[PDB]
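To begin, one chain is listed below as structure tokens, in the form deposited in one PDB entry.
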């Protein structure tokens, strides 16, 4: 890349690829808090200074869409308001490359506390597969950065995030005279979110909100990708 965040991007993508994909099923520091269909949501309970930082990991498997498609929809700001429900306002502060932008946004008061905002680089990348036996990996990383055109606000508490949507497409081609269809593909999703609320809120409540809001998002977002791609040629 050309832009000034290229090194930080790679580090984030590499850290997600080595640590965020790690298996969490039989990890005793992780608790399965939500299950529904192919969807599972785990959390690790962590606090620093009485502030709840609980890392969150969700895994999902969505029939009929590719990882490329799910990442595309996740990243594309032009469709954000079609699925995202926790945001008051947002805008793009800077475009760094074709695949990388910085975004400022304010969240609805889902917490018993002052309104939060967040300012983050949002980048979409493909990680090539080592062999053709393996899926390519598409990832969108959303992580907090600073920018001059969005200094600390005086009304909102500035949250800090490290988030990734990581997707791999499994294909199961049919045996006969038929071409691959969407009935023959399945997107495996790992979604990780590490959010620093930027100040105190009662923990019991933050965990309630996380338990409620992440699975809601993943269902509506994934369903929306299924809707928008249905009947359309497959983008691997």
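Numbering follows the first chain given and starts at 1. Residues that one form lacks are left out of the comparison. Whichever C-alpha set is largest while still superposing within 1.5 Å between the two forms counts as the rigid core.
Keep in mind that the form deposited with a partner chain bound is not shown, yet the notes after this line are about it.
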**OP:** Could you spot which one of 46, 32, 180, 208 gets a heavy atom to within 4.5 Å of its partner chain in the bound PDB entry?
**Re:** 180
Original post:
Of the options 202, 50, 37, 173, which one has a non-hydrogen atom that comes within 4.5 Å of its partner chain in the bound PDB entry?
Top reply: 173
**OP:** Determine which one of 156 to 164, 143 to 151, 128 to 136, 81 to 89 lies within 4.5 Å of its partner chain in the bound PDB entry, judging by heavy atom distances; exactly one does.
**Re:** 128 to 136
Original post:
Within a 4.5 Å heavy atom cut-off, is residue 63 in contact with its partner chain in the bound PDB entry?
Top reply: no
Subject >> Sole member of 150, 110, 97, 79 with a C-alpha shift of at least 2 Å between this form and the one not shown (core-superposed) >> reply: 110
**OP:** Answer yes if the CA of residue 47 moves 2 Å or more between this form and the one not shown after aligning the rigid core, and no otherwise.
**Re:** yes
Original post:
Listed by sequence position, which runs of three or more consecutive residues have C-alpha shifts of 2 Å or more between this form and the one not shown, the rigid core held fixed?
Top reply: 47 to 52, 110 to 112
